[PDB]
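Novice: Those sequence lines, one after another, are chains D, V and G. The deposited numbering puts the first residue of the first sequence at 292, with every later residue one more than the last. The deposited numbering puts the first residue of the second sequence at 583, with every later residue one more than the last. The deposited numbering puts the first residue of the third sequence at 1, with every later residue one more than the last.
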Amino acid sequence: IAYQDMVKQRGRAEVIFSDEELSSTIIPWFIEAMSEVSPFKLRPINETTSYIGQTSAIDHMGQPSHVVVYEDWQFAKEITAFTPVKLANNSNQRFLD
Amino acid sequence: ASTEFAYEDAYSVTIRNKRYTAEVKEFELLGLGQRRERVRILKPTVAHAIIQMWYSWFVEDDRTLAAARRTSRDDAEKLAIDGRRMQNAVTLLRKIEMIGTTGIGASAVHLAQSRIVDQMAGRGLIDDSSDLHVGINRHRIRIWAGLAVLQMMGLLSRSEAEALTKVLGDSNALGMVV
Amino acid sequence: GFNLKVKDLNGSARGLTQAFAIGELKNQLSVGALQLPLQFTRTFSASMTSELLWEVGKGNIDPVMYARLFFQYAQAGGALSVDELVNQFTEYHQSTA
């Protein structure tokens, strides 16, 4: 999908041409860059859609009249309420009571 | 990522060709004094997104269901549409009203009535307050309380809840039903 | 020096009717025949006629005296409420201590 995004905006794809070698030896670290630091951490495609359900309405035979895709979500538990306290002026440092 | 915690709202009503209006404050809804302005609320971005799922159905449907009745000349097609419109409109009312009875919602309703009746003692006879307990005004004050409690939490934008009411009023959407 | 006519209370002084105090402002007044008994031995009242000077010590940090003063502060002239007076102290005391 990222390729699609890129090619939409760029309209071309150009290379540093340091390959065939360079980016094969240096870097896979594109992988390392992706592995540790990022919040996007790598998952099996099985375990990504675990929260999604799907349900069809129907007619007599039947083909669906109404089809609804959803994410199973849980509400609550609490709603937090606080008063911020500034320890030093000009800064965002705060205790939140 | 957080929000200033304050809310103001007012329920208005006409009784015997006379209008009384009560305004209400957040700390009053939680039954305390005086008021502490310094406190804030953590925005419930998650919870809000869920109720949105409801909201976007109601409004976007009614909107498209309206433009549907214009393009539909056929009377058999039209009698179904206005059915579905009113149908889920009452479901909305049934929902909000349900919230209107809550720790806050009922505490909300009491405050309005209290301030209205105290308003009814001075301005004239109180005896007209009998009308507040009539079927419709009672359902009226309840819905309001419902939308008001939702707003005084991160759950309802005032801009979207107003546009929610327009849906509820665009279709008459009150079966009085005894 | 408040004068009132005893026959009609609601007319003379509405404010002193018990009827008012419990929240019935309607023509209806409390029904003279109803149920259950009681006797009051004691009550909670403040003192009249007292003007006192209270020293605040070297130390000694009298935990009641301050809590007593806070009340006198909110009382003897309005400063919010003695509830709102405390959570002001917490924010000061957090921002400082």
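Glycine included, each C-beta is placed from N, C-alpha and C at the ideal position.
Counting only beta-carbon atoms, is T41 (chain G) nearer than 8 angstroms to chain D?
Specialist: Against the third sequence, residue 41 (chain G) aligns to sequence position 41. No, its Cβ sits nowhere closer than 8 angstroms to a Cβ of chain D.
Novice: Report the residue from V:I597, V:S741, V:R601 and V:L611 whose alpha carbon sits nearest the alpha carbon of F587 (chain V).
Specialist: Position 5 of the second sequence, counting from 1, holds the residue named residue 587 (chain V). Taking only the C-alpha atoms, the option nearest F587 (chain V) is V:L611.
Novice: Do the CB positions of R667 (chain V) and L693 (chain V) come within less than 8 angstroms of each other?
Specialist: Counted from its first residue, the second sequence places residue 667 (chain V) at position 85. Counted from its first residue, the second sequence places residue 693 (chain V) at position 111. Contact flag unset, no.
Novice: Please classify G682 (chain V) as buried or exposed, where buried requires at least 16 neighbouring CB atoms within 10 angstroms.
Specialist: Walking along the second sequence from the start, residue 682 (chain V) turns up at place 100. Counting Cβ neighbours within 10 Å, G682 (chain V) comes out buried, since at least 16 surround it.
Novice: Compare the C-beta of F386 (chain D) with all C-beta atoms of chain G and state if any pair is closer than 8 angstroms.
Specialist: Position 95 of the first sequence holds residue 386 (chain D). So yes, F386 (chain D) belongs to the interface.
Novice: Can you tell me whether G302 (chain D) is helix, strand or coil according to DSSP?
Specialist: If you number the first sequence from 1, residue 302 (chain D) lands on position 11. Three-state result, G302 (chain D): coil.
Novice: Cβ of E91 (chain G) less than 8 angstroms from any chain D Cβ?
Specialist: Position 91 of the third sequence, counted from the first residue, corresponds to residue 91 (chain G). Yes, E91 (chain G) counts as interfacial toward chain D.
Novice: When DSSP builds the beta bridges, which residues end up paired with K607 (chain V)?
Specialist: What you label residue 607 (chain V) is simply residue 25 of the second sequence in a count that begins at 1. According to DSSP, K607 (chain V) bridges with V:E590.
Novice: Give me the Cβ distance between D310 (chain D) and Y342 (chain D), rounded to the nearest whole Å; I'm assuming they're in contact under 8 angstroms.
Specialist: Here the question's residue 310 (chain D) lines up with position 19 in the first sequence. Here the question's residue 342 (chain D) lines up with position 51 in the first sequence. About 39 angstroms separates the two Cβ atoms, so there is no contact after all.
Novice: Below 7 angstroms, is the gap between the Cβ of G751 (chain V) and the nearest heavy atom of the ligand COA?
Specialist: Although the ligand COA was asked about, the structure shown includes no ligands whatsoever.
Novice: Going straight from the alpha carbon of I322 (chain D) to that of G302 (chain D), what length do you get?
Specialist: Translated into positions along the first sequence, residue 322 (chain D) becomes position 31. Translated into positions along the first sequence, residue 302 (chain D) becomes position 11. One C-alpha to the other measures close to 25 angstroms.
Novice: Under 8 angstroms, Cβ to Cβ, is there at least one residue of chain G near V328 (chain D)?
Specialist: Taking the first residue of the first sequence as position 1, residue 328 (chain D) is located at position 37. Not closer than 8 angstroms to any Cβ of chain G, the Cβ of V328 (chain D) fails to qualify, so no.
Novice: Evaluate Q695 (chain V) with the Cβ neighbour count: other Cβ atoms within 10 Å of its Cβ, from every protein chain shown; 16 or more gives buried, anything less gives exposed.
Specialist: Here residue 695 (chain V) is taken as the residue at index 113 of the second sequence, counted from 1. Answer is buried; the Cβ neighbour count reaches 16.
Novice: Restricting to Cα atoms, I'd like to know which of G:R42, G:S30, G:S12 and G:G11 is closest to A19 (chain G).
Specialist: As a working mapping, residue 19 (chain G) is identified with position 19 in the third sequence. Here the closest residue by C-alpha is G:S30.
Novice: Taking only the alpha-carbon atoms, compute the straight-line gap between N27 (chain G) and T17 (chain G) and give it to the nearest angstrom.
Specialist: Translated into the one-based positions of the third sequence, residue 27 (chain G) becomes position 27. Translated into the one-based positions of the third sequence, residue 17 (chain G) becomes position 17. C-alpha separation (whole angstroms): 12 angstroms.
Novice: Take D710 (chain V) and list the residues in its own chain whose beta-carbon comes closer than 7 angstroms to its own, dropping the five residues that flank it on each side.
Specialist: Here residue 710 (chain V) refers to the residue found at position 128 when the second sequence is read from its first residue. Closer than 7 angstroms at the Cβ level, and outside the excluded window around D710 (chain V), lie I597, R598 and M702.
Novice: Name, please, each residue of chain D whose Cβ falls closer than 7 angstroms to the Cβ of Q94 (chain G).
Specialist: On the third sequence, residue 94 (chain G) is found 94 positions in, with the first residue counted as 1. By Cβ distance, chain D contributes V376, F386 and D388.
Novice: Less than 8 angstroms between the C-beta atoms of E590 (chain V) and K607 (chain V), yes or no?
Specialist: Within the second sequence, residue 590 (chain V) is the residue found at index 8, counting from 1. Within the second sequence, residue 607 (chain V) is the residue found at index 25, counting from 1. Yes, Cβ-Cβ distance for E590 (chain V) and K607 (chain V) is below 8 angstroms.
Novice: Let me confirm a value: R724 (chain V) is counted as buried when at least 16 other C-beta atoms fall within 10 Å, else exposed. Which label applies?
Specialist: Taking the second sequence and counting its residues from 1, one reaches residue 724 (chain V) at position 142. When all chains shown are included, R724 (chain V) counts as buried.
Novice: Got a sec, what are the start and stop residues for the beta strand (DSSP E) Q345 (chain D) sits in?
Specialist: Residue numbering aside, residue 345 (chain D) sits at position 54 when the first sequence is read from its first letter. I343 to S347 is the extent of the beta strand (DSSP E) around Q345 (chain D).
Novice: If you check the beta carbons only, do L729 (chain V) and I678 (chain V) fall under 8 angstroms apart?
Specialist: To locate residue 729 (chain V), count along the second sequence from 1; it is residue 147. To locate residue 678 (chain V), count along the second sequence from 1; it is residue 96. Taking 8 angstroms as the Cβ cut-off, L729 (chain V) and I678 (chain V) qualify as a contacting pair.
Novice: Using 8 angstroms as the cut-off, can you tell me whether the region 729–743 of chain V makes contact with the region 614–633 of chain V, which would need three or more C-beta pairs spanning the two stretches below that distance?
Specialist: Yes, they touch.
Novice: Run through the DSSP bridge pairs and tell me what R601 (chain V) is partnered with.
Specialist: For the purposes of this step, residue 601 (chain V) is identified with residue 19 of the second sequence, where counting begins at 1. Per DSSP, V:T596.
Novice: Note the first and the last residue of the continuous beta strand (DSSP E) segment covering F20 (chain G).
Specialist: One-based indexing of the third sequence puts residue 20 (chain G) at position 20. That residue, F20 (chain G), is in no beta strand (DSSP E); its alpha helix (DSSP H) goes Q18 to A21.
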